[PDB]
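Raw contents of start-v4.cif, mmCIF, C-alpha atoms and all ligand atoms:
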```
data_my_file
#
loop_
_atom_site.label_atom_id
_atom_site.label_comp_id
_atom_site.auth_asym_id
_atom_site.auth_seq_id
_atom_site.Cartn_x
_atom_site.Cartn_y
_atom_site.Cartn_z
CA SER A 1 140.95 -24.51 3.79
CA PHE A 2 140.71 -23.24 7.39
CA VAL A 3 144.03 -24.88 8.32
CA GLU A 4 145.81 -21.91 6.78
CA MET A 5 143.89 -19.55 9.04
CA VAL A 6 144.93 -21.30 12.26
CA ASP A 7 147.21 -19.13 14.40
CA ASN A 8 146.73 -16.24 11.99
CA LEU A 9 146.32 -13.97 15.05
CA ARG A 10 149.02 -12.47 17.22
CA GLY A 11 149.22 -9.80 19.86
CA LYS A 12 150.58 -8.61 23.15
CA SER A 13 148.58 -9.43 26.29
CA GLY A 14 146.09 -6.66 26.94
CA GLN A 15 146.88 -4.92 23.66
CA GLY A 16 144.47 -6.84 21.45
CA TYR A 17 144.76 -9.48 18.75
CA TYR A 18 145.81 -8.57 15.22
CA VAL A 19 145.70 -10.34 11.86
CA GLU A 20 148.13 -9.50 9.08
CA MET A 21 146.50 -7.76 6.13
CA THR A 22 147.64 -6.11 2.95
CA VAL A 23 146.24 -2.93 1.48
CA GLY A 24 146.73 -1.38 -1.95
CA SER A 25 148.84 -2.30 -4.98
CA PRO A 26 151.58 -3.26 -4.54
CA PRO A 27 150.43 -4.92 -1.27
CA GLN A 28 151.32 -2.91 1.81
CA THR A 29 151.70 -5.21 4.78
CA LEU A 30 149.99 -4.10 7.99
CA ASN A 31 148.98 -5.69 11.28
CA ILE A 32 145.31 -5.05 11.97
CA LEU A 33 143.34 -5.38 15.21
CA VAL A 34 140.43 -7.78 15.02
CA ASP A 35 137.62 -5.79 16.60
CA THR A 36 134.06 -7.12 16.91
CA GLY A 37 133.13 -3.97 18.85
CA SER A 38 133.43 -1.52 15.97
CA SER A 39 132.54 -1.36 12.31
CA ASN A 40 135.23 0.65 10.49
CA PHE A 41 138.24 -0.59 8.59
CA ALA A 42 140.57 2.13 9.77
CA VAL A 43 144.34 2.18 9.25
CA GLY A 44 147.19 4.47 10.29
CA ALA A 45 147.96 6.41 7.11
CA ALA A 46 150.40 9.00 8.43
CA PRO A 47 153.45 8.90 10.71
CA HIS A 48 152.79 8.43 14.41
CA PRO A 49 155.17 7.84 17.33
CA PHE A 50 153.58 4.44 18.00
CA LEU A 51 153.51 3.54 14.29
CA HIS A 52 156.52 1.90 12.65
CA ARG A 53 154.57 1.32 9.43
CA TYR A 54 151.52 2.95 7.92
CA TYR A 55 149.22 2.83 4.88
CA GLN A 56 150.61 5.03 2.13
CA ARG A 57 147.82 5.82 -0.28
CA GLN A 58 150.05 7.53 -2.86
CA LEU A 59 152.06 4.30 -3.21
CA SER A 60 148.89 2.45 -4.22
CA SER A 61 147.86 2.34 -7.86
CA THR A 62 144.43 1.00 -6.89
CA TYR A 63 143.51 3.58 -4.25
CA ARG A 64 140.36 5.63 -4.93
CA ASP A 65 139.52 8.76 -2.94
CA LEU A 66 135.91 9.04 -1.73
CA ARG A 67 136.53 12.74 -1.04
CA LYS A 68 134.95 12.61 2.39
CA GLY A 69 136.44 12.87 5.85
CA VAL A 70 135.60 11.10 9.09
CA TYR A 71 135.92 12.51 12.58
CA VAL A 72 135.44 9.95 15.31
CA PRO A 73 135.51 11.12 18.95
CA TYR A 74 134.79 8.50 21.61
CA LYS A 75 139.67 9.76 18.90
CA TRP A 76 140.75 9.21 15.32
CA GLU A 77 140.07 11.17 12.16
CA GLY A 78 140.87 10.37 8.57
CA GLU A 79 139.99 10.42 4.93
CA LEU A 80 137.67 7.93 3.31
CA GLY A 81 138.59 5.95 0.24
CA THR A 82 138.54 2.43 -1.10
CA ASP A 83 141.38 0.09 -2.03
CA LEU A 84 142.11 -3.58 -2.60
CA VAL A 85 142.41 -5.50 0.64
CA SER A 86 143.60 -9.02 1.37
CA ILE A 87 144.29 -11.17 4.38
CA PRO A 88 147.33 -13.36 3.50
CA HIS A 89 146.51 -15.96 6.17
CA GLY A 90 142.78 -15.75 5.52
CA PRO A 91 140.46 -16.53 2.65
CA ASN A 92 142.27 -16.51 -0.68
CA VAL A 93 140.42 -13.50 -2.07
CA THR A 94 140.89 -9.79 -2.59
CA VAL A 95 138.20 -7.26 -1.87
CA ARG A 96 137.63 -3.59 -2.62
CA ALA A 97 136.81 -2.26 0.81
CA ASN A 98 136.22 1.05 2.42
CA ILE A 99 139.34 2.26 4.17
CA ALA A 100 139.52 5.08 6.64
CA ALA A 101 143.03 6.41 6.37
CA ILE A 102 143.82 7.77 9.82
CA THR A 103 145.73 11.02 9.45
CA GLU A 104 145.40 12.14 13.09
CA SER A 105 144.51 10.38 16.32
CA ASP A 106 144.60 10.74 20.09
CA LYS A 107 145.26 7.80 22.44
CA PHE A 108 144.11 5.50 19.66
CA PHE A 109 147.24 3.57 18.73
CA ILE A 110 148.95 1.60 21.47
CA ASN A 111 152.69 1.77 22.10
CA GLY A 112 154.36 -1.53 21.28
CA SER A 113 151.14 -3.37 20.35
CA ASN A 114 152.52 -4.09 16.88
CA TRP A 115 149.31 -3.27 14.95
CA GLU A 116 148.77 -0.33 12.62
CA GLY A 117 145.01 -0.33 12.07
CA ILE A 118 141.65 -1.74 13.09
CA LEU A 119 139.25 -4.15 11.44
CA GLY A 120 135.77 -3.28 12.65
CA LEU A 121 133.81 -6.49 12.29
CA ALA A 122 130.47 -5.28 13.68
CA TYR A 123 127.52 -3.95 11.69
CA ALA A 124 126.88 -0.91 9.47
CA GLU A 125 124.56 0.59 12.07
CA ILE A 126 127.52 1.80 14.13
CA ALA A 127 129.89 2.60 11.25
CA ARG A 128 131.26 6.15 10.97
CA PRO A 129 130.33 8.61 9.65
CA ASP A 130 127.07 6.71 9.18
CA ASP A 131 125.56 3.41 8.12
CA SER A 132 126.08 4.01 4.41
CA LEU A 133 129.80 3.22 4.73
CA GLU A 134 129.82 -0.52 4.15
CA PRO A 135 131.92 -2.46 6.73
CA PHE A 136 134.76 -4.67 5.61
CA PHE A 137 132.97 -7.94 6.31
CA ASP A 138 129.86 -6.79 4.44
CA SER A 139 132.03 -5.94 1.42
CA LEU A 140 133.83 -9.27 1.73
CA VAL A 141 130.60 -11.25 1.78
CA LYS A 142 129.03 -9.27 -1.08
CA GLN A 143 132.11 -9.37 -3.31
CA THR A 144 133.12 -12.97 -2.70
CA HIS A 145 131.57 -16.37 -2.03
CA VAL A 146 132.81 -16.22 1.57
CA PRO A 147 129.95 -17.39 3.85
CA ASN A 148 128.48 -14.69 6.09
CA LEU A 149 130.16 -15.92 9.26
CA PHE A 150 133.47 -15.83 11.12
CA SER A 151 134.86 -17.32 14.31
CA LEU A 152 137.50 -16.31 16.82
CA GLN A 153 139.64 -18.56 18.95
CA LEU A 154 141.57 -16.26 21.21
CA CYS A 155 144.17 -18.25 23.18
CA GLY A 156 145.96 -15.70 25.35
CA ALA A 157 149.36 -16.55 26.83
CA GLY A 158 149.38 -19.58 29.13
CA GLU A 159 159.87 -8.74 31.47
CA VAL A 160 158.28 -8.09 28.08
CA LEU A 161 154.46 -8.15 27.79
CA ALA A 162 153.38 -11.76 27.11
CA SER A 163 152.67 -12.76 23.52
CA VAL A 164 149.21 -14.11 22.75
CA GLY A 165 148.11 -16.19 19.80
CA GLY A 166 144.83 -17.19 18.24
CA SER A 167 142.87 -17.82 15.06
CA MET A 168 140.32 -15.91 13.07
CA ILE A 169 138.40 -18.33 10.90
CA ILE A 170 136.62 -16.38 8.19
CA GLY A 171 133.66 -17.91 6.43
CA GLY A 172 133.20 -20.91 8.67
CA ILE A 173 133.81 -23.06 11.71
CA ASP A 174 136.96 -25.08 12.30
CA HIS A 175 135.99 -28.10 14.37
CA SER A 176 139.54 -28.75 15.54
CA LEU A 177 139.35 -25.45 17.42
CA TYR A 178 136.79 -26.55 20.00
CA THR A 179 135.57 -29.55 22.00
CA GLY A 180 132.03 -30.47 22.98
CA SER A 181 128.95 -28.67 21.73
CA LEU A 182 128.48 -25.23 20.27
CA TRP A 183 125.72 -23.32 22.04
CA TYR A 184 124.05 -20.33 20.40
CA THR A 185 122.72 -17.11 21.80
CA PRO A 186 120.72 -14.85 19.54
CA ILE A 187 122.19 -11.63 18.30
CA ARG A 188 119.49 -9.36 19.69
CA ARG A 189 120.13 -6.61 17.18
CA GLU A 190 122.60 -6.04 14.38
CA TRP A 191 124.78 -3.14 15.42
CA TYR A 192 127.23 -4.27 18.05
CA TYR A 193 127.16 -8.00 18.49
CA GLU A 194 124.46 -7.65 21.11
CA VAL A 195 123.38 -10.58 23.26
CA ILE A 196 121.25 -11.24 26.32
CA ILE A 197 122.60 -12.53 29.62
CA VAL A 198 119.87 -14.12 31.70
CA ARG A 199 121.76 -15.27 34.76
CA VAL A 200 125.18 -15.11 36.38
CA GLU A 201 126.65 -17.07 39.23
CA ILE A 202 129.93 -16.99 41.11
CA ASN A 203 131.03 -20.40 42.34
CA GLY A 204 127.56 -21.83 41.77
CA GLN A 205 126.01 -18.91 43.64
CA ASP A 206 123.30 -16.98 41.79
CA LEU A 207 123.67 -13.20 41.95
CA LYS A 208 119.84 -13.21 42.04
CA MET A 209 119.51 -9.93 40.15
CA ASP A 210 116.68 -8.93 37.85
CA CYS A 211 118.16 -10.10 34.56
CA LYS A 212 117.62 -6.63 33.04
CA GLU A 213 120.63 -5.55 35.14
CA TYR A 214 122.89 -7.98 33.26
CA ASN A 215 122.08 -6.20 29.99
CA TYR A 216 121.79 -2.60 31.10
CA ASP A 217 121.84 -1.00 28.78
CA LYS A 218 123.23 -3.76 26.57
CA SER A 219 125.56 -6.71 26.50
CA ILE A 220 128.00 -7.19 23.67
CA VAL A 221 130.76 -9.52 22.61
CA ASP A 222 133.84 -7.46 21.88
CA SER A 223 137.23 -8.82 20.92
CA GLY A 224 138.54 -5.26 20.92
CA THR A 225 137.96 -5.07 24.68
CA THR A 226 140.38 -6.88 27.00
CA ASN A 227 138.30 -7.17 30.15
CA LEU A 228 135.00 -8.64 31.15
CA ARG A 229 133.16 -5.37 31.76
CA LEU A 230 130.01 -5.33 33.89
CA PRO A 231 127.32 -2.74 34.68
CA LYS A 232 127.96 -0.99 38.01
CA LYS A 233 125.38 -2.96 40.02
CA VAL A 234 126.59 -6.25 38.60
CA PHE A 235 130.29 -5.42 38.93
CA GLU A 236 129.88 -4.64 42.63
CA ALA A 237 127.87 -7.77 43.27
CA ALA A 238 130.42 -9.80 41.32
CA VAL A 239 133.46 -8.38 43.13
CA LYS A 240 131.78 -8.87 46.51
CA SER A 241 131.27 -12.54 45.77
CA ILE A 242 134.80 -12.89 44.42
CA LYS A 243 136.28 -11.15 47.45
CA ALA A 244 134.43 -13.55 49.75
CA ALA A 245 135.48 -16.70 47.87
CA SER A 246 139.15 -15.68 48.01
CA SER A 247 138.95 -14.35 51.58
CA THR A 248 141.80 -16.59 52.74
CA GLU A 249 144.21 -14.00 51.33
CA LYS A 250 143.70 -10.25 51.33
CA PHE A 251 144.44 -8.10 48.28
CA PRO A 252 144.65 -4.29 48.03
CA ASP A 253 141.46 -2.69 46.74
CA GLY A 254 143.73 -1.27 44.06
CA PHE A 255 143.86 -4.79 42.69
CA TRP A 256 140.10 -5.25 42.55
CA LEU A 257 139.88 -1.93 40.73
CA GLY A 258 142.21 -3.42 38.15
CA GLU A 259 144.85 -0.74 38.72
CA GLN A 260 147.38 -2.72 40.74
CA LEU A 261 148.95 -6.12 40.12
CA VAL A 262 149.22 -9.04 42.56
CA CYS A 263 152.14 -11.47 42.55
CA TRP A 264 153.27 -14.89 43.62
CA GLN A 265 156.23 -16.71 42.11
CA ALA A 266 156.68 -19.53 39.61
CA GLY A 267 153.49 -21.59 39.73
CA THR A 268 152.60 -20.87 43.34
CA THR A 269 149.46 -18.95 42.30
CA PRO A 270 146.54 -20.19 44.43
CA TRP A 271 144.06 -20.44 41.54
CA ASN A 272 141.77 -22.60 43.69
CA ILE A 273 141.13 -19.68 46.03
CA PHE A 274 139.35 -17.77 43.25
CA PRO A 275 135.82 -18.83 42.16
CA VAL A 276 134.59 -19.66 38.67
CA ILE A 277 132.15 -17.29 36.97
CA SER A 278 129.20 -18.57 34.93
CA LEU A 279 127.35 -16.35 32.45
CA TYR A 280 124.04 -17.77 31.31
CA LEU A 281 123.13 -16.54 27.84
CA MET A 282 119.65 -16.52 26.33
CA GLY A 283 119.18 -19.60 24.20
CA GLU A 284 117.70 -19.86 20.74
CA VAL A 285 114.51 -21.12 22.42
CA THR A 286 112.47 -18.76 24.62
CA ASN A 287 113.02 -19.96 28.20
CA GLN A 288 116.07 -22.02 27.37
CA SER A 289 119.55 -20.72 28.15
CA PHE A 290 123.12 -21.98 28.44
CA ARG A 291 126.15 -21.05 30.51
CA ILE A 292 129.76 -20.33 29.85
CA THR A 293 131.94 -20.79 32.88
CA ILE A 294 135.31 -19.07 33.12
CA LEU A 295 138.25 -19.77 35.45
CA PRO A 296 140.44 -17.31 37.38
CA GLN A 297 143.11 -18.16 34.82
CA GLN A 298 140.98 -16.10 32.43
CA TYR A 299 139.96 -13.19 34.59
CA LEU A 300 143.38 -12.71 36.14
CA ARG A 301 145.60 -11.76 33.21
CA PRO A 302 149.42 -12.09 33.34
CA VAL A 303 151.46 -8.89 33.57
CA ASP A 304 154.14 -14.30 38.78
CA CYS A 305 151.85 -11.26 38.75
CA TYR A 306 148.41 -10.60 37.27
CA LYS A 307 145.86 -7.82 36.95
CA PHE A 308 142.14 -8.31 37.70
CA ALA A 309 140.58 -8.34 34.22
CA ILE A 310 137.05 -7.66 35.45
CA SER A 311 136.10 -4.02 35.51
CA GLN A 312 133.13 -1.66 35.76
CA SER A 313 131.12 -0.39 32.81
CA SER A 314 128.66 2.46 32.29
CA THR A 315 127.73 1.31 28.83
CA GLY A 316 126.62 -2.22 29.60
CA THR A 317 128.18 -5.65 29.79
CA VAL A 318 131.25 -6.21 27.66
CA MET A 319 132.35 -9.76 27.09
CA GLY A 320 135.87 -9.00 25.95
CA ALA A 321 139.01 -11.07 25.34
CA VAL A 322 139.29 -12.64 28.78
CA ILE A 323 135.81 -14.03 28.40
CA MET A 324 136.44 -15.11 24.83
CA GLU A 325 139.87 -16.63 25.60
CA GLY A 326 138.10 -19.52 27.30
CA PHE A 327 136.14 -20.42 24.18
CA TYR A 328 135.74 -20.79 20.46
CA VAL A 329 133.31 -18.05 19.48
CA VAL A 330 131.20 -18.16 16.35
CA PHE A 331 129.82 -14.96 14.92
CA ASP A 332 127.10 -16.55 12.86
CA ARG A 333 125.93 -13.39 11.12
CA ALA A 334 123.96 -15.38 8.55
CA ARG A 335 121.71 -16.77 11.30
CA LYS A 336 121.89 -13.77 13.65
CA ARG A 337 123.49 -15.72 16.45
CA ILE A 338 126.69 -16.24 18.37
CA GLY A 339 127.87 -19.70 19.33
CA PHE A 340 130.15 -20.61 22.19
CA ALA A 341 132.20 -23.78 22.60
CA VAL A 342 135.05 -24.84 24.86
CA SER A 343 138.26 -23.86 23.08
CA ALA A 344 141.01 -26.31 22.20
CA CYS A 345 143.48 -23.82 23.68
CA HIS A 346 141.80 -22.66 26.88
CA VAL A 347 143.94 -22.51 30.04
CA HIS A 348 142.88 -24.75 32.93
CA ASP A 349 144.29 -26.64 35.90
CA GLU A 350 143.71 -30.22 37.03
CA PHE A 351 140.59 -29.44 39.06
CA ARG A 352 138.54 -27.05 36.94
CA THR A 353 138.00 -26.11 33.32
CA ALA A 354 136.19 -23.47 31.32
CA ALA A 355 132.87 -24.92 30.25
CA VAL A 356 129.92 -24.33 27.93
CA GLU A 357 126.87 -26.19 29.18
CA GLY A 358 123.15 -26.31 28.45
CA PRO A 359 120.31 -26.24 28.39
CA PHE A 360 119.06 -24.54 31.54
CA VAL A 361 115.46 -23.44 31.81
CA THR A 362 114.91 -19.84 32.83
CA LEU A 363 111.67 -18.18 31.60
CA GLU A 364 112.61 -13.24 27.84
CA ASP A 365 112.11 -9.81 29.43
CA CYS A 366 115.85 -9.45 30.03
CA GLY A 367 116.68 -7.06 27.20
CA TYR A 368 116.82 -3.34 28.01
CA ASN A 369 117.03 -1.17 24.89
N1 LIG B 1 135.96 -2.65 20.60
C1 LIG B 1 136.73 -1.53 20.68
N2 LIG B 1 137.53 -1.09 19.74
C2 LIG B 1 138.01 0.30 20.16
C3 LIG B 1 139.55 0.32 20.18
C4 LIG B 1 140.33 -0.80 20.50
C5 LIG B 1 141.72 -0.73 20.51
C6 LIG B 1 142.37 0.46 20.20
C7 LIG B 1 141.62 1.59 19.88
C8 LIG B 1 140.23 1.52 19.87
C9 LIG B 1 137.40 1.32 19.18
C10 LIG B 1 137.66 1.22 17.81
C11 LIG B 1 137.11 2.13 16.90
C12 LIG B 1 136.30 3.16 17.35
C13 LIG B 1 136.03 3.27 18.71
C14 LIG B 1 136.57 2.36 19.62
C15 LIG B 1 137.38 0.43 21.57
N3 LIG B 1 137.71 1.34 22.43
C16 LIG B 1 137.17 1.15 23.80
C17 LIG B 1 135.92 0.25 23.83
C18 LIG B 1 136.24 -1.07 23.13
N4 LIG B 1 136.71 -0.74 21.79
#
```
Give the structure from this file in structure tokens form.
Ligand SMILES: NC1=NC(c2ccccc2)(c2ccccc2)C2=NCCCN12
Amino acid sequence: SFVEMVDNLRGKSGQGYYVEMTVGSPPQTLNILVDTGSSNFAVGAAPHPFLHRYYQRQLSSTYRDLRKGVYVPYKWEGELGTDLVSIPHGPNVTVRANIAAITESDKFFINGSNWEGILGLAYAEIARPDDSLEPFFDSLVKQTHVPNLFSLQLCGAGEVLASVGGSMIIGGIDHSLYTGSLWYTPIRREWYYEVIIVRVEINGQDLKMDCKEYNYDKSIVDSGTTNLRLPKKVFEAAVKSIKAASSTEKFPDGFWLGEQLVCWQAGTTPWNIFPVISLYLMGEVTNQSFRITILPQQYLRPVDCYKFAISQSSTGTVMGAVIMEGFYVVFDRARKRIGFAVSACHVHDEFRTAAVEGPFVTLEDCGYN
């Protein structure tokens, strides 16, 4: 029953969402980042200044060495093996999964984030060292009767970094988690969770760009990324429009670059001054699309004071947490699609709300690749 998976996610704002997992026998408890933007189950397996716990292979009677290392610059490196893996607040099963035991790493773990490893939920194509190393979710599906699907409701927050909650529903869709209709955009290719954006508007205003720019060189849905990340040309056009809409109030360019924080005090934030942002995603039907509309409450993340959670990308559009936090997101791997619905937990004022709305007719040459 999915009820037992509700609120199975925790995290610190900006530091990602983690689910509790156990590895080995006896079960070693670890907090593990839910990451739809990578494909390795990788866990701290040696002391680290940011690690208070780590996977200890020698303590596990069920550990099996694959005698094969992994070096992953991008860094973390480790030793491959398999072990029994469970998710206490997830499906009631245990799986023998590939585990990359991280023995050394640079700027990989985050200080104070409270997770000790990463659960790469994307596809084998991008797994390290190569695509032969079966990803956790593939193993889970193959070894159990768990349906080939999962969904994420990331809720966010709403002196110490704010705590965020959410739910990872594995093997299905929990209707209590969203309102209205689920709209689906095709997964263009099975590596990252790649999608196509066909239009974007700021406060109703079309950016009027060739839609190839929205997906240059790709667009992906990535829970392991905090920000909405946009290709250069789109970022600039987006910031311009956002600057204009919130003109009545000047902010340092350091804020727009997402380096500096801006502050008011105790519910004086002029949300209404900032525009909503609509991303139109390719629909399941050729020239049919749908939009997800996010509020400033999503793209200004709390740090009184917030940081601009829209930033520039050189590797394509990244729809990260702040985009997902508005919605219930369905990673329908079995049907190669990703659904979006308004989340039961999304943050909104008494004038606007995050929305998922369709259809809108558009007219398929938007992918780059
Ligand atoms: N999706 C995602 N996951 C990681 C990551 C997230 C958090 C901590 C450490 C690494 C990641 C994880 C494994 C391998 C490479 C990057 C990442 N790095 C920047 C782009 C977004 N991205």
### Summary
In terms of only C-alpha atoms, the residue from A:22, A:167, A:15, A:362 at minimal distance from residue 288 of chain A is A:362
### Message
What does the structure give for the distance between atom CA of residue 47 of chain A and atom CA of residue 154 of chain A, in Å to one decimal?
### Response
29.7 Å
Show me a table, sorted first by chain and then by increasing residue number, of the residues of chain A having an atom at most 9 Å from ligand LIG 1 (chain B), each with its shortest atom pair and the distance in Å to one decimal, counting only C-alpha atoms and all ligand atoms and written as a Markdown table.
```
| residue | atom | partner | partner_atom | distance |
| --- | --- | --- | --- | --- |
| A:15 | CA | B:LIG1 | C5 | 7.4 |
| A:16 | CA | B:LIG1 | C5 | 6.8 |
| A:33 | CA | B:LIG1 | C5 | 7.2 |
| A:34 | CA | B:LIG1 | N2 | 8.7 |
| A:35 | CA | B:LIG1 | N1 | 5.3 |
| A:36 | CA | B:LIG1 | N1 | 6.1 |
| A:37 | CA | B:LIG1 | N1 | 3.6 |
| A:38 | CA | B:LIG1 | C11 | 5.3 |
| A:39 | CA | B:LIG1 | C11 | 7.4 |
| A:40 | CA | B:LIG1 | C11 | 6.8 |
| A:41 | CA | B:LIG1 | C11 | 8.8 |
| A:42 | CA | B:LIG1 | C11 | 7.9 |
| A:72 | CA | B:LIG1 | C12 | 7.1 |
| A:73 | CA | B:LIG1 | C13 | 7.9 |
| A:74 | CA | B:LIG1 | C13 | 6.1 |
| A:75 | CA | B:LIG1 | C13 | 7.4 |
| A:76 | CA | B:LIG1 | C12 | 7.8 |
| A:107 | CA | B:LIG1 | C7 | 7.6 |
| A:108 | CA | B:LIG1 | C7 | 4.6 |
| A:109 | CA | B:LIG1 | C6 | 6.0 |
| A:110 | CA | B:LIG1 | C6 | 6.8 |
| A:117 | CA | B:LIG1 | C6 | 8.6 |
| A:118 | CA | B:LIG1 | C10 | 6.9 |
| A:119 | CA | B:LIG1 | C10 | 8.5 |
| A:120 | CA | B:LIG1 | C11 | 7.0 |
| A:127 | CA | B:LIG1 | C12 | 8.9 |
| A:128 | CA | B:LIG1 | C12 | 8.7 |
| A:221 | CA | B:LIG1 | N1 | 8.8 |
| A:222 | CA | B:LIG1 | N1 | 5.4 |
| A:223 | CA | B:LIG1 | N1 | 6.3 |
| A:224 | CA | B:LIG1 | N1 | 3.7 |
| A:225 | CA | B:LIG1 | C18 | 4.6 |
| A:226 | CA | B:LIG1 | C18 | 8.1 |
| A:318 | CA | B:LIG1 | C18 | 8.5 |
| A:320 | CA | B:LIG1 | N1 | 8.3 |
```
### Task
Pick out the residues sitting within 10 Å of segment 57-59 of chain A, and hand them over as a ChimeraX atom specification; count all atoms listed in the file, and ignore anything fewer than 3 positions along from it in its own chain.
/A:23-28,45-46,54,62-65,81-83,101
Would you export the selected residues with C-alpha atoms as a compact mmCIF listing (two decimals), in the frame of the given file, please?
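What landed in result26.txt:
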```
# COMPACT_ATOMS: atom_id res chain seq x y z
CA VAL A 23 146.24 -2.93 1.48
CA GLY A 24 146.73 -1.38 -1.95
CA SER A 25 148.84 -2.30 -4.98
CA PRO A 26 151.58 -3.26 -4.54
CA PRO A 27 150.43 -4.92 -1.27
CA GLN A 28 151.32 -2.91 1.81
CA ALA A 45 147.96 6.41 7.11
CA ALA A 46 150.40 9.00 8.43
CA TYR A 54 151.52 2.95 7.92
CA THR A 62 144.43 1.00 -6.89
CA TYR A 63 143.51 3.58 -4.25
CA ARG A 64 140.36 5.63 -4.93
CA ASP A 65 139.52 8.76 -2.94
CA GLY A 81 138.59 5.95 0.24
CA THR A 82 138.54 2.43 -1.10
CA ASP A 83 141.38 0.09 -2.03
CA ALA A 101 143.03 6.41 6.37
```
Within 7 Å of (148.5, -13.2, 41.6) in the file's own coordinates, which protein, DNA or RNA residues have an atom, counting only C-alpha atoms? List them as a short mmCIF file (atom, residue, chain, number, x, y, z; two decimals) with C-alpha atoms, keeping the file's coordinate frame.
```
data_model
loop_
_atom_site.label_atom_id
_atom_site.label_comp_id
_atom_site.auth_asym_id
_atom_site.auth_seq_id
_atom_site.Cartn_x
_atom_site.Cartn_y
_atom_site.Cartn_z
CA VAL A 262 149.22 -9.04 42.56
CA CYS A 263 152.14 -11.47 42.55
CA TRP A 264 153.27 -14.89 43.62
CA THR A 269 149.46 -18.95 42.30
CA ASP A 304 154.14 -14.30 38.78
CA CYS A 305 151.85 -11.26 38.75
CA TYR A 306 148.41 -10.60 37.27
#
```
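Taking only C-alpha atoms into account, residue 199 of chain A lies nearest to A:287 out of the set A:114, A:287, A:176, A:60.
Separating atom CA of residue 103 of chain A from atom CA of residue 136 of chain A is a distance of 19.5 Å.
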### Query
Got a sec to check which residues sit within 12 Å of (142.4, -2.9, 36.7), counting all atoms listed in the file, and write them as a VMD selection string?
chain A and resid 14 226 to 229 252 to 262 299 to 301 303 306 to 312
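Take atom CA of residue 156 of chain A and atom CA of residue 352 of chain A: the distance between them is 17.8 Å.
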Box centre and edge lengths (Å, one decimal), axis-aligned, segment 124-143 of chain A plus 3 Å each side, as AutoDock Vina command-line options:
```
--center_x 129.7 --center_y -1.3 --center_z 5.4 --size_x 16.2 --size_y 25.9 --size_z 23.4
```
